[PDB]
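1. my sequence and its experimental structure, below.
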Amino acid sequence: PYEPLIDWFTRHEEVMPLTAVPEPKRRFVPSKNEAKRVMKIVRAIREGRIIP
Amino acid sequence: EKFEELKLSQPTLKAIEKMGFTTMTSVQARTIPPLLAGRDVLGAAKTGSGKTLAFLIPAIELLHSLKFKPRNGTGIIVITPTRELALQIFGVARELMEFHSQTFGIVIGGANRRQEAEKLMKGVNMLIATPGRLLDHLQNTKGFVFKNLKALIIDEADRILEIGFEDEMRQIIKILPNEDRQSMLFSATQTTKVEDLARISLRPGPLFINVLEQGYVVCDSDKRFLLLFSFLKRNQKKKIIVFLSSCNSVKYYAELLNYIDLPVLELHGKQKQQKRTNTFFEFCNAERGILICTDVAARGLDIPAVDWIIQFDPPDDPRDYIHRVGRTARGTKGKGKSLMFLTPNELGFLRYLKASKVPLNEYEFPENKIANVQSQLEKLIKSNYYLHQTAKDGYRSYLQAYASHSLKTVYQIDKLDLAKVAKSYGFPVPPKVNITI
Amino acid sequence: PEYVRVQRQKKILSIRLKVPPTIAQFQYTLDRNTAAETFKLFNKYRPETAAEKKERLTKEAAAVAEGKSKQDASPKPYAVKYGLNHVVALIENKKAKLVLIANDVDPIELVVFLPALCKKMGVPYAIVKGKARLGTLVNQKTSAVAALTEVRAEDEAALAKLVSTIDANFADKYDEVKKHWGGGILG
Amino acid sequence: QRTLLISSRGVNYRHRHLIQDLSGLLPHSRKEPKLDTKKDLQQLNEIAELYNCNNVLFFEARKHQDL
Amino acid sequence: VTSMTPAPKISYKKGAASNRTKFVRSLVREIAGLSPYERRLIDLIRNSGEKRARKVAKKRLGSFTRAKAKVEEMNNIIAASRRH
Amino acid sequence: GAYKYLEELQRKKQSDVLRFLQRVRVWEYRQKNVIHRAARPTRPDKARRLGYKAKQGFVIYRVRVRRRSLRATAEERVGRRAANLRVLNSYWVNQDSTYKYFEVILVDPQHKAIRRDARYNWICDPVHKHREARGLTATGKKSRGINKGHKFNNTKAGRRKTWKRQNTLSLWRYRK
RNA sequence: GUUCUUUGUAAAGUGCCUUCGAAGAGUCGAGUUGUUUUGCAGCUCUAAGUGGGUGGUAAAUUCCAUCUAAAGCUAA
RNA sequence: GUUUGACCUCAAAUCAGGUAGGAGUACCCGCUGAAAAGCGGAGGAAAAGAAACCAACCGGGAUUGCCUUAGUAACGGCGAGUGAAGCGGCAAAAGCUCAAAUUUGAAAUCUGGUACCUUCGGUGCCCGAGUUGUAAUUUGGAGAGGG
């Protein structure tokens, strides 16, 4: 037959995350890979392959 | 006599020079020639006499005289009740072993088990550990080089027995070898069940040397650090020492309050002991200063007559706190006003204060006078990675300090709102710490 | 045609049969004005396009090419978050202040845990109608998820009242009928 | 009495057909599908308790050669 | 010829279960609901005891120790639902 | 990530939601052809652990087979149909009393993403022509039974091989 | 071998400390049928996570060993 | 708003670019199969191949092939006869890649078109593909974050 769903496990709420994963450095500082792409464009403009 | 007079290896000499030690305390000056002689010992000494270093020197002498590989053995084994005392003994022992060649480690219930497991798989030539986690590591970790046991020490068997780890200790000693093992143990007082473990441990016949209102402030767990900050600003230009539990929270609160630019001295086991001595000297001579310290680093040294004793964290030994405030009052003719922070789960401690029969004064809190820096705290933690990690470390070591606490009737982790604790540390979401709850 | 015949015969065979209650939480979804204000919120937090990204890159790169190293200062980018594993990744920290969930995904099973997962994690989820409308606010074709974590101080008060609005309109209205087996009525 | 016949995972076909013949012999015996562990044996008691048998029989085949 | 102790290599599968995977499995449990023989199985516990329940579950399964875990799991479900 | 949710939910097949989706989709696929192109993997996690990537050069076919194995024959059908494609792998999705359904990942060695990107350029080798025709796929190696273990002995084709060992005689220049 | 250039807070490696530390399900397996001499295939049923596979071992409410299946490539 | 548009699906293209077939087939790999034939699929080799291995030792260490094990074990109207494998010696030696937790301070990825250029390609621009996940990093022998 059919019957409504039991929510035994949802009703207890986790006050904490699952994983104790340490926070990375790059989440706090300006993005590095952005800056590498910036310096790529800088090298292309120094070679004049990209016009300002 | 002196430490530098006695026969020692030169890196141990460099170590003792850099720890600032020249002279000997008298009971340790007594026990050191039997410590070199190779006899078992028990000993009555005050907590913090330097009695860690007392065994640390001939243990490293034994490891120097044997010169065995890290794969070869473990040898020196240290049993100590408190996670905080374990970290203090470890932090003293680090530079000592660092000038030496051998290996040093930690086994603590509440640490990451795969970490301690991999360190045991590598092998550790000097183990410092809590009694409860040792049964897990001896029964469960495979391939761990156990058969050597060059020596073994117990510290404060009163505190093991008062926690109640003595049956675990009996199972440990029944796992432990005896013939290669020598046993040395320090305990300020003694009981019969202490002496029963002593009769099992001490392999030769040993020679042994034997030598008021409180403030209480009930606060919610979120606003208590803020209220500490507010009360510390209001009582600026008054020297005050704050008692903590975990050295990480000591270092983090010190770095935080120095980032809020009010002058704060730190005092903890991770602090280098010459720097520790410098900080204590500067606090004692400066006479208007903020001192952040743990419980037992404060226990390890005498205290100047202070404007305030503030105890933020839960105590290591509440009985020693009751004796400590009494000896603080009777020693200091200048009035030292003692307070402890409380959480509304902790009021049973109060009736144990009513078991202590000393008077008690409730110190009230105005909700209007709140420093309101918590948004700046959260913006700071979202900004600074370094402060973010130190905040997480103070939080982690704080919760593991609750885990390592004896009086469950006074402190249950199930009672505590970790959301408010994180907001006190300044996290809007509590970070995950791998803690049995 | 065949495909018109099947796409009309689809949604008949579904409603004719009993759907499990972990489905039909979908289409019990957000009403008109609240979804409208939610979109007004998230269009304030559009992510940067590839063209706008490359344009700012060319600006700062021409600056460094002159050099003319102007300053080193930028607060953070704030935007919606839209990668599905990234959306789940922002939960279980928790970091998701609001989550929008598309009702229509053809592999529905990609999505079905997310209401219960934000339920147990306490995250204020809301089921939105149409993943194309998610893709429009995130410069994709479809997105099927929409997480939002970081908000300026100008918008933070609007955020909290939107959360309370959703928890009133979604969590109170549809919670018991979420447990019930939907459909089953023939066509 | 009720009876139970249990084999291990080890089977040769000539090693197998004997168990068929024995199941043909005793009707109060049963012909349960084979157990996983040749080593753990206490569970079988529970199995006999779940089959209400008064004598249980177990066949261990080591290395497909020894019975 | 005397001894040497190797560092014993234990697979990371054999270490333990994480908090994450227990959360994953238990969160899948209430969402998935019960399969129909599990719907039978909870009722068969409640009606005719764990003896007949384990026997029917072993009949549904192949082996016996899995039937133990299945019956114990449905007992955990009954304990999680009925008292709570 | 969300793939662990999909895997653990995927292990509970006769659970109510999965059999609901299964029962809808079997009729829905019954409307369509024996073989056709699926827009996306219905079980993406299973496709990932079989090696699917979502880029050009990855084609997903859905194939219907009547109840060799059924899976290998299902691979052979789409191998015969899309000859330009190379069959990566396949997996079960759904079944009926009349038919089982499989979802097959094929990879084109003509597309320049596949001809570059050296994680997958090996499949451009002409030794990888029709792996299902030689049973070089996963289900092919299972039905050939090629692993390590004493449980693995001389079986069918290898049996003829060791029949070959009994059939040929080896002689040296100096007789031993 | 010469010769021209390549850096951008670029990429990597080793020791120590600290905090973590997630893996192949209609699969494993069970029964039956065919086929082979134990696998394979079909049909039905169908799991676990200090898990699982496999083998010896017993002075026995045993211990120990040894690998990580259900994804892939690889010259001679 | 009876309007307009996102998608999604499905069609159509004398649209652009590619690719499949057939022959041969000594060797190889699958399928079928009698008293081999046949079918299908490749290459210069193919297959297999980096242990859910073998062992029980003072352990060994991907696969392949040779000598030995050995006409032994085992099987078989235990009749006809069938018929291995571990180890050892040698030849040759080579190891690697995914799939699981976030880059979220910026999809960082790629096909295609076009303009040039030093063209088994490169650069630029623009369409697209792609978050229902393309890159970097990590495959337990750990590894990652930091310091």
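-> Alright, I've got the coordinates. Numbering: from 1, shown residues only, chains lettered A, B, ... in the order given.

2. span of stretch F:166-176 from start to end?
-> Terminal residues of stretch F:166-176 lie 18 Å apart, using Cα to Cα, to the nearest Å.

3. off-centre distance for it?
-> The chain centre lies 42 Å from the centre of stretch F:166-176; the measure is Cα atoms, centre = their mean, to the nearest Å.

4. one more: stretch B:143-162?
-> Counting by Cα atoms, centre = their mean, stretch B:143-162 is centred 18 Å from the centre of its parent chain.

5. give the buried residues for it.
-> Across stretch B:143-162, burial judged by 16 or more other Cβ atoms under 10 Å in any protein chain shown covers B:144-146, B:148-161. C-beta: built from backbone N, CA, C; applies to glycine.

6. need the residues of chain A near chain C, please.
-> Neighbours of chain C within chain A, by Cβ under 8 Å from any Cβ of the partner chain: A:2, A:4-5, A:7, A:9-10, A:12-14, A:17-19, A:30, A:34, A:37-39, A:41-42, A:45-46, A:50, A:52.

7. would you map the strands across chain F?
-> For chain F, applying DSSP state E gives strands covering F:35-38, F:58-66, F:86-95, F:99-107.

8. any residues of chain A in contact with RNA strand H? List them.
-> Chain A comes close to RNA strand H at residues A:19, A:21-34, A:36-37, A:40, A:44, A:49-50, as judged by Cβ under 7 Å from any atom of the strand.

9. show the buried residues in those.
-> For the residues of chain A next to RNA strand H, a neighbour count by 16+ other Cβ under 10 Å gives the buried set as A:28, A:50.

10. how about the helix or strand hosting residue A:43, does it reach chain B?
-> Here residue A:43 sits within helix A:32-46, counting by DSSP states H and E. No. Helix A:32-46 is not in contact with chain B by Cβ under 8 Å from any Cβ; minimum separation 13.7 Å.

11. contact partners of that helix?
-> Helix A:32-46 has contacts (Cβ atoms under 8 Å, 6 or more residues apart in numbering or on different chains) with A:26, A:50-52, C:57-58, C:60-62, C:64-65.

12. again with stretch E:69-83
-> The contact list for stretch E:69-83 (Cβ under 8 Å, 6+ apart) reads A:6, A:8-9, E:29, E:38, E:41-42, E:45-46, E:50, E:53-54, E:57, E:61.

13. report the buried residues of that stretch.
-> If you call a residue buried by 16+ other Cβ under 10 Å, then stretch E:69-83 has these buried ones: E:70-71, E:74, E:77.

14. of those, closest to RNA strand H?
-> The shortest approach to RNA strand H among the buried residues of stretch E:69-83 belongs to residue E:70, at 19.3 Å (Cβ to the nearest atom of the strand).

15. check contacts around the nearest residue to residue F:31 once chain neighbours are set aside.
-> Residue nearest to residue F:31 in three dimensions, not counting chain neighbours: residue C:6, with 4.8 Å by Cβ to Cβ, 6 or more residues apart in numbering or on different chains. By Cβ under 8 Å, 6+ apart, the residues touching residue C:6 are F:28, F:31-32.

16. pull out the buried members of the contacts of stretch E:69-83.
-> A:6, A:8-9, E:29, E:38, E:41-42, E:45, E:50, E:53-54, E:57, E:61.

17. who's the closest residue to residue F:95 other than its chain neighbours bridged to?
-> Closest residue to residue F:95 apart from its sequence neighbours, by Cβ to Cβ, 6+ apart: residue F:101 at 6.1 Å. In this entry, residue F:101 is beta-bridged to residue F:64, residue F:94, by DSSP bridges.

18. correct me, but residue F:101 touches residue F:61?
-> No. Contact criterion Cβ atoms under 8 Å: residue F:101 and residue F:61 do not qualify, at 11.1 Å.

19. more neighbours, the two?
-> Taking other Cβ atoms under 10 Å in any protein chain shown, residue F:101 and residue F:61 do not tie; residue F:61 has more neighbours (23 against 20).

20. Provide a list of residues in contact with the more buried one.
-> Residues counted as contacts of residue F:61 (Cβ under 8 Å, 6+ apart) are F:35-38, F:78, F:81-82, F:103-104, F:106.

21. swap the cut-off to 7 Å and go again
-> Listed by Cβ atoms under 7 Å, 6 or more residues apart in numbering or on different chains, the contact set of residue F:61 reads F:35-38, F:78, F:104, F:106.

22. can you check residue C:148 too?
-> Applying Cβ under 7 Å, 6+ apart to residue C:148 gives the contacts C:42, C:45, C:80-81, C:97-98.

23. partner residues bridging it?
-> residue C:98.

24. picking up where we left off before, which of the contacts of residue F:61 count as buried?
-> Neighbour counting by 16+ other Cβ under 10 Å classes F:35, F:38, F:78, F:104, F:106 among the contacts of residue F:61 as buried.

25. what's around whatever residue of the stretch 301-437 of chain B ends up closest to RNA strand G, how many residues?
-> Per Cβ to the nearest atom of the strand, residue B:434 is where the stretch 301-437 of chain B lies closest to RNA strand G, at 4.7 Å. A total of 15 residues lie near residue B:434 under the criterion other Cβ under 10 Å.

26. that one: what's it in contact with?
-> Taking Cβ under 7 Å, 6+ apart, we find residue B:434 in contact with A:20, B:112.

27. 8 Å - rerun?
-> The contact partners of residue B:434, by Cβ under 8 Å, 6+ apart, come to A:20, B:112, E:19.

28. same check, this time on residue D:58
-> Applying Cβ under 8 Å, 6+ apart, we find residue D:58 in contact with D:6-8, D:35, D:41, D:44.
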